[PDB]
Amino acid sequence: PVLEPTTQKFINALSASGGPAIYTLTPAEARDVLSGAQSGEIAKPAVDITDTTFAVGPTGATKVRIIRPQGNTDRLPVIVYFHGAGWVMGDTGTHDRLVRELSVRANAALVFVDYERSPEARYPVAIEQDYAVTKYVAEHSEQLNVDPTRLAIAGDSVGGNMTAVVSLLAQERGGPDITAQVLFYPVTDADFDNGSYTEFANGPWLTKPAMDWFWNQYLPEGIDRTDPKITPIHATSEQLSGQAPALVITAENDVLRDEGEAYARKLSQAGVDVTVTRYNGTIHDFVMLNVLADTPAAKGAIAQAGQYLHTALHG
């Protein structure tokens, strides 16, 4: 694959580091790898941060980080954010710069759902936590000082899986109302033999054996993976129709590319207004990784998402 030069340099750095493959590690080891990779010094938007817990979801409690453009005490539209990193990894640290950018560019409060990770928690704990926080935000707008009629959901990778599943759950349960949804390179299927899985089975960055491992951490052995709450590519027209306008951003060189774009087609053919954009020359995780933060694809996609959300939440 022809990668943007800085992105190629990163990939070269990686294969020259000779590390062990992420899926040979323990969950705690894998968490620390990504946390350390994202611990470098890098400029970030100025925000006010409140870490707390909402007494909602199937475990009885869900940890959340609430972010707002620094010094802004107005009643703001709100983004509920579901982070990625394979269900196993990711935290408020790994995704900090990305979600700050979304909060400030959208001029919105952002509620980061620090959901229970896998394999300690399997399907469906996280998606139900995610749904419960989204409902909580919609129902406690005075307590959060947000406008619940301008509520967006967004996520990256497995977090894009959660975005689509929260949209589906909200359709089935009659709410809450969602203004717009943003999905960065979402996981939507478990077909490890499709076009982009084949083309990028060995990378860069994300591999087919890693996806196999991640799915196995997320799901109990033997469950039917075609359920749309697991692989939303299988959602019916009636489950997709009526959902909020969506922005789907894919990476050209990513095993997940084809399923993300196929899901966007399914949404569009159900009558949903879908903005779908492939960024050439970049890789999986390109709006999260600090090392790619100055590449044209990262800058362009974060700017596109931020402007999409600002228009949705303030237009």
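All residue numbers are counted from 1 along the displayed sequence.
Taking the PDB entry as given, 220 to 228 carries the higher mean Cα B factor of the two stretches 78 to 86 and 220 to 228.
Mean C-alpha B-factor is higher over 139 to 147 than over the other stretch, the pair under comparison being 139 to 147 and 239 to 247.
You'll see in the entry that, of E128, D156, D189, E199, the Cα B factor peaks at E199.
Comparing the C-alpha B-factors of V274, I66, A30, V287 in the entry, the top value falls on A30. In the deposited entry, the Cα temperature factor of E261 sits in the bottom third of values across the chain's modelled residues. The deposited CA B-factor of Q307 belongs to the lowest third of values across its chain. Placement of the Cα temperature factor of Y123 within the chain: middle third of the modelled residues, per the deposited record.
Sort the modelled residues of the chain by CA B factor and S268 lands in the middle third. Ranked by C-alpha B-factor against the other modelled residues of its chain, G300 falls in the lowest third.
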